[PDB]
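Contents: one structure, followed by commentary.
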Protein chains: 2
Amino acid sequence: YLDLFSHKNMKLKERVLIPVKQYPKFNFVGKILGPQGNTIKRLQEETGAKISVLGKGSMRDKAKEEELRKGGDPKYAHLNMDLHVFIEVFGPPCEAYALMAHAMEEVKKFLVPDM
Amino acid sequence: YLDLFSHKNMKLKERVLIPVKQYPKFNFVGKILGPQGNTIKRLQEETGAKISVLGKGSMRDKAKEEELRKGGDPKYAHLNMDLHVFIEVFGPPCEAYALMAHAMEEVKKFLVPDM
């Protein structure tokens, strides 16, 4: 049950696949991160969500990715996953849902680019 | 992972406690259902969510509730739960979140009545 008087926050997280199969040559990573990373910075500030691009291809630097993968460090474990956008929000229940809804709608604009 | 090209719908459900402890004498059931059930009908139409009041006290008819409880029918199993609002939505991921966010915000108006 959600108790609206609880002091617990709700967390919501989603991993939204980047649809590389539907758009095999579209540069989603460059488009979402933006020059210098200012598109995704702005996307986070605008949505109030934590949003990251994870999975293989997310660094657009095959060589770097391979070196970090092979190091074994757990913080680079995501480099083996399918490319995706990882959205994380927290808050009181009503607010967490509003944050996630908004983040999901703005991210979908990037991921279905011919819509 | 959510695949935005999947034909699967997402379902979201929440059980939001009616805060009887914070407002021991407030008639939440009458207020949410409304005369004839037109408040909750309208609430569903406005939000696009399935919304029901469940749990003990939800029928405001102690006698009826006891008779239906003691019958053993699984569809009345909820009558033993704490009074709550059960919100259910379905749809493509972005839409399901938007539906749940909206439903949660309108329901919270009913459940924190001195806000």
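Chain labels run A, B, ... following the order of the structure tokens; each chain numbers its residues from 1, and ligands are numbered from 1 in the order shown.
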Any chance you could lay chain B over chain A, fitting all C-alpha atoms in order by least squares, and write the moved chain as a CSV table (one decimal) with N, CA and C atoms, in the first residue's frame?
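Wrote it out as selection_1.csv, contents follow:
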chain,number,residue,atom,x,y,z
B,1,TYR,N,0.9,-1.2,0.0
B,1,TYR,CA,0.0,0.0,0.0
B,1,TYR,C,0.9,1.2,0.0
B,2,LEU,N,0.5,2.3,-0.7
B,2,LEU,CA,1.2,3.6,-0.5
B,2,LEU,C,0.5,4.3,0.6
B,3,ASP,N,1.3,4.8,1.6
B,3,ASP,CA,0.8,5.6,2.7
B,3,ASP,C,1.3,7.0,2.4
B,4,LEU,N,0.4,7.9,2.1
B,4,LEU,CA,0.7,9.3,1.6
B,4,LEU,C,1.4,10.1,2.8
B,5,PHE,N,1.2,9.6,4.0
B,5,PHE,CA,1.8,10.2,5.2
B,5,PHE,C,3.1,9.5,5.6
B,6,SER,N,3.6,8.5,4.8
B,6,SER,CA,4.9,7.8,5.0
B,6,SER,C,5.9,8.9,4.8
B,7,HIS,N,7.1,8.7,5.5
B,7,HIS,CA,8.3,9.5,5.1
B,7,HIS,C,9.1,8.8,4.1
B,8,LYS,N,8.7,7.6,3.6
B,8,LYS,CA,9.5,7.0,2.5
B,8,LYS,C,9.2,7.7,1.2
B,9,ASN,N,10.3,7.8,0.4
B,9,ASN,CA,10.1,8.2,-1.0
B,9,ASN,C,9.8,7.0,-1.8
B,10,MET,N,9.2,7.2,-3.0
B,10,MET,CA,9.1,6.2,-4.0
B,10,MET,C,10.3,6.4,-5.0
B,11,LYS,N,10.8,5.3,-5.5
B,11,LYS,CA,11.8,5.4,-6.6
B,11,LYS,C,11.2,4.7,-7.8
B,12,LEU,N,11.3,5.4,-9.0
B,12,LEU,CA,10.9,4.6,-10.2
B,12,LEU,C,12.1,4.7,-11.1
B,13,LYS,N,12.3,3.6,-11.9
B,13,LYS,CA,13.4,3.5,-12.8
B,13,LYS,C,12.9,2.7,-14.1
B,14,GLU,N,13.4,3.2,-15.2
B,14,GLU,CA,13.1,2.4,-16.4
B,14,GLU,C,14.3,2.4,-17.3
B,15,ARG,N,14.5,1.3,-18.0
B,15,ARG,CA,15.6,1.2,-19.0
B,15,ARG,C,14.8,1.2,-20.4
B,16,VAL,N,15.0,2.2,-21.2
B,16,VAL,CA,14.3,2.3,-22.4
B,16,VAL,C,15.3,2.0,-23.5
B,17,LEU,N,15.0,1.0,-24.3
B,17,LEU,CA,16.0,0.6,-25.3
B,17,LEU,C,16.0,1.7,-26.4
B,18,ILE,N,17.2,2.0,-26.8
B,18,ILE,CA,17.5,2.8,-28.0
B,18,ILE,C,17.2,1.9,-29.2
B,19,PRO,N,16.2,2.3,-30.1
B,19,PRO,CA,15.7,1.4,-31.1
B,19,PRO,C,16.6,1.4,-32.4
B,20,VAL,N,17.8,0.8,-32.2
B,20,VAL,CA,18.9,0.8,-33.2
B,20,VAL,C,18.4,-0.1,-34.4
B,21,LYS,N,17.5,-1.0,-34.1
B,21,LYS,CA,17.1,-2.0,-35.1
B,21,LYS,C,16.1,-1.2,-36.0
B,22,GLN,N,15.3,-0.4,-35.5
B,22,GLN,CA,14.3,0.4,-36.3
B,22,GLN,C,15.0,1.5,-37.1
B,23,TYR,N,16.1,2.1,-36.5
B,23,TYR,CA,16.8,3.2,-37.2
B,23,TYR,C,18.3,2.8,-37.1
B,24,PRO,N,18.8,1.9,-38.0
B,24,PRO,CA,20.1,1.4,-37.9
B,24,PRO,C,21.2,2.4,-38.0
B,25,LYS,N,21.0,3.5,-38.7
B,25,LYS,CA,22.1,4.5,-38.8
B,25,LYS,C,21.9,5.8,-38.1
B,26,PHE,N,20.9,5.9,-37.3
B,26,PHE,CA,20.6,7.2,-36.6
B,26,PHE,C,21.5,7.3,-35.4
B,27,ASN,N,22.2,8.4,-35.2
B,27,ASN,CA,23.1,8.7,-34.1
B,27,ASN,C,22.4,9.2,-32.9
B,28,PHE,N,21.7,8.3,-32.2
B,28,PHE,CA,21.0,8.6,-31.0
B,28,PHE,C,21.9,9.1,-29.9
B,29,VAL,N,23.0,8.5,-29.8
B,29,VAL,CA,23.9,8.9,-28.6
B,29,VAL,C,24.3,10.4,-28.7
B,30,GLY,N,24.9,10.8,-29.9
B,30,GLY,CA,25.2,12.2,-30.2
B,30,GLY,C,24.0,13.1,-30.0
B,31,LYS,N,22.9,12.7,-30.5
B,31,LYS,CA,21.7,13.5,-30.5
B,31,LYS,C,21.2,13.7,-29.0
B,32,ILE,N,21.1,12.6,-28.2
B,32,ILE,CA,20.7,12.8,-26.8
B,32,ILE,C,21.7,13.5,-26.0
B,33,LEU,N,23.0,13.2,-26.1
B,33,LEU,CA,24.0,13.8,-25.2
B,33,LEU,C,24.1,15.2,-25.6
B,34,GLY,N,24.3,15.5,-26.9
B,34,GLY,CA,24.4,16.8,-27.5
B,34,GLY,C,25.9,17.3,-27.4
B,35,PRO,N,26.2,18.4,-28.1
B,35,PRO,CA,27.6,18.9,-28.0
B,35,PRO,C,27.9,19.1,-26.6
B,36,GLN,N,29.0,18.4,-26.1
B,36,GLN,CA,29.5,18.6,-24.8
B,36,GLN,C,28.7,18.0,-23.7
B,37,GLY,N,27.5,17.4,-24.1
B,37,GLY,CA,26.6,16.8,-23.1
B,37,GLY,C,25.6,17.7,-22.6
B,38,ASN,N,25.3,18.8,-23.3
B,38,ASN,CA,24.4,19.9,-22.9
B,38,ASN,C,23.0,19.6,-23.2
B,39,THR,N,22.7,18.7,-24.2
B,39,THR,CA,21.3,18.3,-24.4
B,39,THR,C,20.9,17.5,-23.2
B,40,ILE,N,21.7,16.5,-22.8
B,40,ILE,CA,21.2,15.6,-21.7
B,40,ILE,C,21.2,16.3,-20.4
B,41,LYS,N,22.1,17.2,-20.2
B,41,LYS,CA,22.2,18.1,-19.0
B,41,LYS,C,20.8,18.9,-18.9
B,42,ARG,N,20.5,19.5,-20.1
B,42,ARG,CA,19.3,20.3,-20.1
B,42,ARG,C,18.0,19.4,-19.9
B,43,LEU,N,18.1,18.2,-20.5
B,43,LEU,CA,17.0,17.3,-20.4
B,43,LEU,C,16.7,16.9,-19.0
B,44,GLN,N,17.8,16.7,-18.2
B,44,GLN,CA,17.7,16.4,-16.8
B,44,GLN,C,17.1,17.6,-16.0
B,45,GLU,N,17.7,18.8,-16.3
B,45,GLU,CA,17.2,19.9,-15.6
B,45,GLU,C,15.8,20.2,-15.8
B,46,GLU,N,15.4,20.1,-17.1
B,46,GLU,CA,14.0,20.3,-17.5
B,46,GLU,C,13.0,19.2,-16.9
B,47,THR,N,13.4,18.0,-16.7
B,47,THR,CA,12.5,16.9,-16.3
B,47,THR,C,12.6,16.7,-14.8
B,48,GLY,N,13.7,17.0,-14.2
B,48,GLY,CA,13.9,16.7,-12.8
B,48,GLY,C,14.2,15.2,-12.6
B,49,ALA,N,14.6,14.6,-13.6
B,49,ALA,CA,15.0,13.1,-13.6
B,49,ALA,C,16.5,13.0,-13.8
B,50,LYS,N,17.0,11.9,-13.2
B,50,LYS,CA,18.3,11.4,-13.6
B,50,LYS,C,18.2,10.5,-14.9
B,51,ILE,N,19.0,10.9,-15.9
B,51,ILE,CA,18.8,10.3,-17.2
B,51,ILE,C,20.2,10.0,-17.7
B,52,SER,N,20.5,8.7,-18.0
B,52,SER,CA,21.8,8.4,-18.6
B,52,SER,C,21.7,7.5,-19.8
B,53,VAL,N,22.7,7.6,-20.7
B,53,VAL,CA,22.8,6.7,-21.8
B,53,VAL,C,23.8,5.6,-21.4
B,54,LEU,N,23.4,4.3,-21.4
B,54,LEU,CA,24.2,3.2,-21.0
B,54,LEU,C,24.2,2.2,-22.1
B,55,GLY,N,25.1,1.2,-21.9
B,55,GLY,CA,25.1,0.1,-22.9
B,55,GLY,C,26.2,0.3,-24.0
B,56,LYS,N,26.3,-0.7,-24.8
B,56,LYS,CA,27.4,-0.7,-25.8
B,56,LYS,C,27.2,0.3,-26.8
B,57,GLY,N,28.2,1.2,-27.1
B,57,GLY,CA,28.1,2.3,-28.0
B,57,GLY,C,27.8,3.6,-27.3
B,58,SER,N,27.6,3.6,-26.0
B,58,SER,CA,27.2,4.7,-25.2
B,58,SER,C,28.3,5.8,-25.1
B,59,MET,N,29.5,5.4,-25.4
B,59,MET,CA,30.6,6.3,-25.2
B,59,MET,C,31.1,6.8,-26.5
B,60,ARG,N,30.6,6.3,-27.6
B,60,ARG,CA,31.0,6.4,-29.0
B,60,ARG,C,32.5,6.6,-29.0
B,61,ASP,N,33.2,5.5,-28.6
B,61,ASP,CA,34.6,5.4,-28.5
B,61,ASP,C,34.9,3.9,-28.3
B,62,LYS,N,34.7,3.1,-29.3
B,62,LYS,CA,34.8,1.7,-29.3
B,62,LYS,C,36.0,1.2,-28.4
B,63,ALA,N,37.2,1.9,-28.6
B,63,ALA,CA,38.4,1.5,-28.0
B,63,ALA,C,38.4,1.7,-26.5
B,64,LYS,N,37.9,2.9,-26.1
B,64,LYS,CA,37.7,3.3,-24.7
B,64,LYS,C,36.8,2.3,-24.0
B,65,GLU,N,35.7,2.0,-24.7
B,65,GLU,CA,34.7,1.1,-24.1
B,65,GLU,C,35.2,-0.3,-23.9
B,66,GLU,N,36.1,-0.8,-24.8
B,66,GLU,CA,36.7,-2.1,-24.7
B,66,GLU,C,37.6,-2.1,-23.5
B,67,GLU,N,38.4,-1.1,-23.4
B,67,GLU,CA,39.4,-1.0,-22.3
B,67,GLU,C,38.7,-1.0,-21.0
B,68,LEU,N,37.6,-0.2,-20.9
B,68,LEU,CA,36.9,-0.1,-19.6
B,68,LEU,C,36.1,-1.4,-19.3
B,69,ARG,N,35.6,-2.1,-20.3
B,69,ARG,CA,34.9,-3.4,-20.2
B,69,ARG,C,35.9,-4.4,-19.6
B,70,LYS,N,37.1,-4.5,-20.2
B,70,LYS,CA,38.0,-5.6,-19.9
B,70,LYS,C,38.7,-5.3,-18.6
B,71,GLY,N,38.6,-4.1,-18.0
B,71,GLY,CA,39.1,-3.8,-16.7
B,71,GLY,C,38.4,-4.6,-15.6
B,72,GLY,N,37.1,-4.9,-15.8
B,72,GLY,CA,36.4,-5.6,-14.8
B,72,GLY,C,35.7,-4.8,-13.8
B,73,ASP,N,36.0,-3.5,-13.8
B,73,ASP,CA,35.4,-2.6,-12.8
B,73,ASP,C,33.8,-2.6,-12.9
B,74,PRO,N,33.1,-3.0,-11.8
B,74,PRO,CA,31.7,-3.0,-11.8
B,74,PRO,C,31.0,-1.7,-12.3
B,75,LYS,N,31.6,-0.6,-12.2
B,75,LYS,CA,30.9,0.6,-12.7
B,75,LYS,C,30.8,0.6,-14.2
B,76,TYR,N,31.5,-0.3,-14.9
B,76,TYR,CA,31.4,-0.3,-16.4
B,76,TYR,C,30.7,-1.5,-16.8
B,77,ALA,N,30.1,-2.3,-15.9
B,77,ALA,CA,29.3,-3.5,-16.3
B,77,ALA,C,28.3,-3.2,-17.3
B,78,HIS,N,27.6,-2.0,-17.2
B,78,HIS,CA,26.6,-1.7,-18.2
B,78,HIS,C,27.0,-1.7,-19.6
B,79,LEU,N,28.4,-1.5,-19.9
B,79,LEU,CA,28.9,-1.5,-21.3
B,79,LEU,C,28.6,-2.8,-22.0
B,80,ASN,N,28.1,-3.8,-21.3
B,80,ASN,CA,27.8,-5.0,-22.1
B,80,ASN,C,26.3,-5.1,-22.4
B,81,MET,N,25.5,-4.1,-21.9
B,81,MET,CA,24.0,-4.2,-22.1
B,81,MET,C,23.7,-3.6,-23.5
B,82,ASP,N,22.5,-3.8,-24.0
B,82,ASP,CA,22.0,-3.1,-25.1
B,82,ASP,C,21.9,-1.6,-24.8
B,83,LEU,N,22.2,-0.8,-25.8
B,83,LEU,CA,22.2,0.6,-25.7
B,83,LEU,C,20.8,1.0,-25.2
B,84,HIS,N,20.7,1.9,-24.2
B,84,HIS,CA,19.4,2.3,-23.6
B,84,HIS,C,19.5,3.6,-22.9
B,85,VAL,N,18.4,4.1,-22.6
B,85,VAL,CA,18.3,5.3,-21.7
B,85,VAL,C,17.8,4.9,-20.4
B,86,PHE,N,18.5,5.2,-19.3
B,86,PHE,CA,18.2,4.8,-18.0
B,86,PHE,C,17.6,6.0,-17.3
B,87,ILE,N,16.3,5.9,-16.9
B,87,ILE,CA,15.6,7.0,-16.3
B,87,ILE,C,15.4,6.7,-14.8
B,88,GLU,N,15.8,7.6,-13.9
B,88,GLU,CA,15.6,7.3,-12.5
B,88,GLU,C,15.1,8.6,-11.8
B,89,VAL,N,14.0,8.4,-11.1
B,89,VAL,CA,13.3,9.5,-10.3
B,89,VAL,C,13.0,9.0,-8.9
B,90,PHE,N,12.9,9.9,-8.0
B,90,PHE,CA,12.5,9.6,-6.6
B,90,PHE,C,11.6,10.7,-6.1
B,91,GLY,N,10.8,10.4,-5.1
B,91,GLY,CA,10.0,11.5,-4.5
B,91,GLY,C,8.8,10.9,-3.8
B,92,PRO,N,8.0,11.7,-3.1
B,92,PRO,CA,6.7,11.3,-2.7
B,92,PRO,C,5.9,10.7,-3.9
B,93,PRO,N,5.1,9.6,-3.7
B,93,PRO,CA,4.5,8.9,-4.8
B,93,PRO,C,3.9,9.7,-6.0
B,94,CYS,N,3.1,10.8,-5.7
B,94,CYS,CA,2.4,11.5,-6.7
B,94,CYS,C,3.5,12.2,-7.6
B,95,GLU,N,4.5,12.7,-6.9
B,95,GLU,CA,5.5,13.5,-7.6
B,95,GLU,C,6.4,12.5,-8.4
B,96,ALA,N,6.8,11.4,-7.8
B,96,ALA,CA,7.6,10.4,-8.5
B,96,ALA,C,7.0,10.1,-9.9
B,97,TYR,N,5.7,9.8,-9.9
B,97,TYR,CA,4.9,9.4,-11.1
B,97,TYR,C,5.0,10.6,-12.1
B,98,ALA,N,4.8,11.8,-11.6
B,98,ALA,CA,4.7,13.0,-12.5
B,98,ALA,C,6.1,13.2,-13.2
B,99,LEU,N,7.2,13.0,-12.4
B,99,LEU,CA,8.5,13.1,-12.9
B,99,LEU,C,8.8,12.0,-13.9
B,100,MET,N,8.4,10.8,-13.6
B,100,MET,CA,8.7,9.7,-14.6
B,100,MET,C,7.9,9.9,-15.9
B,101,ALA,N,6.6,10.3,-15.8
B,101,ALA,CA,5.8,10.5,-16.9
B,101,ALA,C,6.4,11.5,-17.9
B,102,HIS,N,6.9,12.6,-17.3
B,102,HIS,CA,7.5,13.7,-18.0
B,102,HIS,C,8.8,13.3,-18.7
B,103,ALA,N,9.7,12.7,-17.9
B,103,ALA,CA,10.9,12.1,-18.4
B,103,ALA,C,10.6,11.2,-19.6
B,104,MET,N,9.6,10.3,-19.4
B,104,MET,CA,9.4,9.3,-20.4
B,104,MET,C,8.9,10.0,-21.7
B,105,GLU,N,8.1,11.0,-21.6
B,105,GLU,CA,7.6,11.6,-22.8
B,105,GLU,C,8.7,12.4,-23.6
B,106,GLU,N,9.5,13.1,-22.9
B,106,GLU,CA,10.6,13.8,-23.5
B,106,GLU,C,11.7,12.8,-24.1
B,107,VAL,N,11.9,11.7,-23.4
B,107,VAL,CA,12.9,10.8,-24.0
B,107,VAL,C,12.3,10.1,-25.2
B,108,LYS,N,11.0,9.9,-25.2
B,108,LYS,CA,10.4,9.2,-26.4
B,108,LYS,C,10.6,10.1,-27.7
B,109,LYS,N,10.6,11.4,-27.5
B,109,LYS,CA,10.8,12.3,-28.6
B,109,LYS,C,12.1,12.0,-29.3
B,110,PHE,N,13.1,11.8,-28.5
B,110,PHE,CA,14.4,11.5,-29.0
B,110,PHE,C,14.5,10.1,-29.7
B,111,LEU,N,13.7,9.1,-29.2
B,111,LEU,CA,13.9,7.7,-29.6
B,111,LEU,C,12.9,7.3,-30.7
B,112,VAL,N,11.9,8.1,-31.0
B,112,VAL,CA,11.1,7.8,-32.1
B,112,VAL,C,11.2,9.1,-33.0
B,113,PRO,N,12.3,9.3,-33.7
B,113,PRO,CA,12.6,10.6,-34.2
B,113,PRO,C,11.8,11.0,-35.5
B,114,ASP,N,11.2,10.0,-36.1
B,114,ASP,CA,10.4,10.4,-37.2
B,114,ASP,C,8.9,10.5,-36.9
B,115,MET,N,8.6,10.5,-35.5
B,115,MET,CA,7.2,10.7,-35.1
B,115,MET,C,7.0,12.2,-35.1
Running DSSP on the backbone, which parts of chain B land in helix (DSSP H, G or I), as a VMD selection string? chain B and resid 28 to 33 35 to 47 62 to 71 74 to 80 93 to 111
Sel. of strand (DSSP E or B) residues, chain B, as a ChimeraX atom specification: /B:2,10-17,50-54,84-91
Would you save the residues of that selection, restricted to N, CA and C atoms, as a PDB file, in the first residue's frame?
ATOM      1  N   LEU B   2      12.213  -1.520 -21.541  1.00  0.00           N
ATOM      2  CA  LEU B   2      11.006  -1.194 -22.298  1.00  0.00           C
ATOM      3  C   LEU B   2      11.425  -1.027 -23.752  1.00  0.00           C
ATOM      4  N   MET B  10       2.001  -1.693 -21.012  1.00  0.00           N
ATOM      5  CA  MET B  10       2.416  -1.673 -19.620  1.00  0.00           C
ATOM      6  C   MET B  10       1.163  -1.550 -18.748  1.00  0.00           C
ATOM      7  N   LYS B  11       1.145  -2.221 -17.596  1.00  0.00           N
ATOM      8  CA  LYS B  11       0.090  -1.984 -16.621  1.00  0.00           C
ATOM      9  C   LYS B  11       0.725  -1.344 -15.390  1.00  0.00           C
ATOM     10  N   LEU B  12       0.087  -0.337 -14.796  1.00  0.00           N
ATOM     11  CA  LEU B  12       0.550   0.150 -13.494  1.00  0.00           C
ATOM     12  C   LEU B  12      -0.654   0.081 -12.563  1.00  0.00           C
ATOM     13  N   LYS B  13      -0.393  -0.265 -11.302  1.00  0.00           N
ATOM     14  CA  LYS B  13      -1.427  -0.358 -10.284  1.00  0.00           C
ATOM     15  C   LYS B  13      -0.849   0.188  -8.989  1.00  0.00           C
ATOM     16  N   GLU B  14      -1.695   0.907  -8.236  1.00  0.00           N
ATOM     17  CA  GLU B  14      -1.298   1.303  -6.898  1.00  0.00           C
ATOM     18  C   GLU B  14      -2.512   1.170  -6.004  1.00  0.00           C
ATOM     19  N   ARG B  15      -2.237   0.824  -4.744  1.00  0.00           N
ATOM     20  CA  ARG B  15      -3.230   0.789  -3.691  1.00  0.00           C
ATOM     21  C   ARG B  15      -2.849   1.916  -2.732  1.00  0.00           C
ATOM     22  N   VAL B  16      -3.667   2.971  -2.714  1.00  0.00           N
ATOM     23  CA  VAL B  16      -3.360   4.147  -1.909  1.00  0.00           C
ATOM     24  C   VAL B  16      -4.264   4.107  -0.675  1.00  0.00           C
ATOM     25  N   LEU B  17      -3.664   4.010   0.509  1.00  0.00           N
ATOM     26  CA  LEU B  17      -4.440   3.911   1.731  1.00  0.00           C
ATOM     27  C   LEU B  17      -5.273   5.184   1.874  1.00  0.00           C
ATOM     28  N   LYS B  50      -8.891   3.231 -14.262  1.00  0.00           N
ATOM     29  CA  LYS B  50      -9.795   2.468 -13.425  1.00  0.00           C
ATOM     30  C   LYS B  50      -9.476   2.748 -11.958  1.00  0.00           C
ATOM     31  N   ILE B  51     -10.491   3.165 -11.192  1.00  0.00           N
ATOM     32  CA  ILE B  51     -10.308   3.630  -9.827  1.00  0.00           C
ATOM     33  C   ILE B  51     -11.426   3.031  -8.984  1.00  0.00           C
ATOM     34  N   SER B  52     -11.078   2.261  -7.952  1.00  0.00           N
ATOM     35  CA  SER B  52     -12.132   1.742  -7.098  1.00  0.00           C
ATOM     36  C   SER B  52     -11.784   1.930  -5.636  1.00  0.00           C
ATOM     37  N   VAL B  53     -12.823   2.012  -4.807  1.00  0.00           N
ATOM     38  CA  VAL B  53     -12.638   2.074  -3.368  1.00  0.00           C
ATOM     39  C   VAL B  53     -12.823   0.655  -2.839  1.00  0.00           C
ATOM     40  N   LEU B  54     -11.808   0.103  -2.163  1.00  0.00           N
ATOM     41  CA  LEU B  54     -11.849  -1.274  -1.686  1.00  0.00           C
ATOM     42  C   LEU B  54     -11.475  -1.299  -0.213  1.00  0.00           C
ATOM     43  N   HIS B  84      -8.848   1.540   0.936  1.00  0.00           N
ATOM     44  CA  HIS B  84      -7.884   2.151   0.047  1.00  0.00           C
ATOM     45  C   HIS B  84      -8.510   2.452  -1.304  1.00  0.00           C
ATOM     46  N   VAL B  85      -7.775   3.223  -2.102  1.00  0.00           N
ATOM     47  CA  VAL B  85      -8.156   3.503  -3.467  1.00  0.00           C
ATOM     48  C   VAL B  85      -7.210   2.701  -4.354  1.00  0.00           C
ATOM     49  N   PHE B  86      -7.814   1.932  -5.265  1.00  0.00           N
ATOM     50  CA  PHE B  86      -7.046   1.021  -6.099  1.00  0.00           C
ATOM     51  C   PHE B  86      -7.067   1.629  -7.490  1.00  0.00           C
ATOM     52  N   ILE B  87      -5.885   2.037  -7.979  1.00  0.00           N
ATOM     53  CA  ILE B  87      -5.800   2.713  -9.267  1.00  0.00           C
ATOM     54  C   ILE B  87      -5.142   1.770 -10.265  1.00  0.00           C
ATOM     55  N   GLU B  88      -5.795   1.561 -11.417  1.00  0.00           N
ATOM     56  CA  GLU B  88      -5.215   0.682 -12.428  1.00  0.00           C
ATOM     57  C   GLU B  88      -5.271   1.355 -13.783  1.00  0.00           C
ATOM     58  N   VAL B  89      -4.122   1.365 -14.481  1.00  0.00           N
ATOM     59  CA  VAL B  89      -4.028   1.922 -15.825  1.00  0.00           C
ATOM     60  C   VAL B  89      -3.238   0.938 -16.695  1.00  0.00           C
ATOM     61  N   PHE B  90      -3.415   1.074 -18.017  1.00  0.00           N
ATOM     62  CA  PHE B  90      -2.653   0.265 -18.963  1.00  0.00           C
ATOM     63  C   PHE B  90      -2.413   1.121 -20.194  1.00  0.00           C
ATOM     64  N   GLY B  91      -1.408   0.744 -20.975  1.00  0.00           N
ATOM     65  CA  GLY B  91      -1.186   1.460 -22.212  1.00  0.00           C
ATOM     66  C   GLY B  91       0.256   1.253 -22.634  1.00  0.00           C
TER      67      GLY B  91
END
